[PDB]
């Protein structure tokens, strides 16, 4: 049947100038040495990505799918969802969102300038009046930082971003935002990934794991997922949306956005030229996360049925997936996964790496992270979330005239606070830089999965207690996997090894303590791992007085 794309031969052009690094990285050249390995994907590599994702799809459904789709619609039907006022939608546009072709940008939209509010009204009326004319879209390459891996080809080609003009995005939100906040949770319940913090993700997986008489786990990820999404898949997304109780005006807008935007359309590069046509998901539209998550859930739950996965518990995180099931013995389990992959491939969701059965929770990696284990202050086992730090370390080293890495550092410190690599390496480097800049008591802003919240470095110990618990300051005896991986990653980026970080950290601690106040609370809590005479830490009054539920839900 359908091709994912077709191209004119016009280049994918850059959204402005694309920054290369500088000869000195003053913030990060005491963190690591191999700055040559850190790189940023650019539009120069866009064509190679385009070759890798242009292919022919041949979806083939079956009773298992149909049965699942059916159940998902009955679940959707228990949702009622309102329209958003043009104004409400305007004010959810982010502060630096790409400006519109019709001579205004995000400032005008969020302030509700009349010029802007006007253009958008007319755009909405055209949605309601015309359910057919394709809507044009811009195509850009994403700028994104990685460490080179010669094992996996050297340098990654940039992924493709495909979005309509600002005005349409606002209309998108009007028609569909309230649904994005309610549907995924409603059809998937506890399987919905983006509702849990790290400690909750870990708790869920453990409960899941212990509930089985004899558990088996595996993860799945679809190769180039957005290009594998079919016109049919997209129309089937519409019907899932339509199964909620909605005002009539939503339905028309939703339906019109589907046929004119979501199922496909022409693509223009930044220079204005016609670039290609698209019959797959455009990553850049409002329905991207919801769509991926839901369409992934359907296919996956079908494939579980297709393959005989017994008593599955799922966690869906976009196109990443984990399933914890009752094992049928390794002979059968291996067969069943081949079947799963076979079904998923029939549903047009082929794998990147073939999945594999596992019987130890530390060896399953999904949503870029994994559960590991260490000992707590009282000798008991303590389970927590962590990840390969390679890419975090690389991003910690991205400095340009326009961009600072301190934000990245913070993001990781908060998300992965219990990790040996955050405690020994990142926390040590973070606090050291800020002390010396004399900017310890100055807010930064941290963004995990969507929005951006302001944080004061001196509040980390409270925020970490609230979010990860007080054991997060006291854990020891990390696992072989986790020790091996951290050492290896530090070697690979030319950063000092752990024993050096022990030295630097003692020194940082002392400085923090000598400044007294909150700084010294940072010193005692965050760096107690670093001294022989470990102190007695106690819950922090500050912590109880805190609401963080907006951060990961």
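Positions refer to the first chain, counted from 1.
Of the two segments examined, 258-266 and 150-158, it is 150-158 that shows the higher average Cα temperature factor in the deposited entry. Judged by mean Cα B factor in the deposited record, 441-449 ranks above the other of 184-192 and 441-449. Of all the options 239, 341, 479, 390, the entry's greatest CA B-factor is assigned to 239.
The PDB entry assigns the greatest CA B-factor among 308, 215, 134, 418 to 134. Ranked by Cα temperature factor within the chain, residue 527 sits in the middle third according to the deposited record. Sort the chain's modelled residues by C-alpha temperature factor and residue 360 lands in the lowest third, per the entry. Split the chain's modelled residues into thirds by C-alpha temperature factor. Residue 335 is in the middle one. The PDB entry assigns residue 353 a C-alpha temperature factor belonging to the highest third of its chain's modelled residues. Sort the chain's modelled residues by C-alpha temperature factor and residue 103 lands in the highest third, per the entry.
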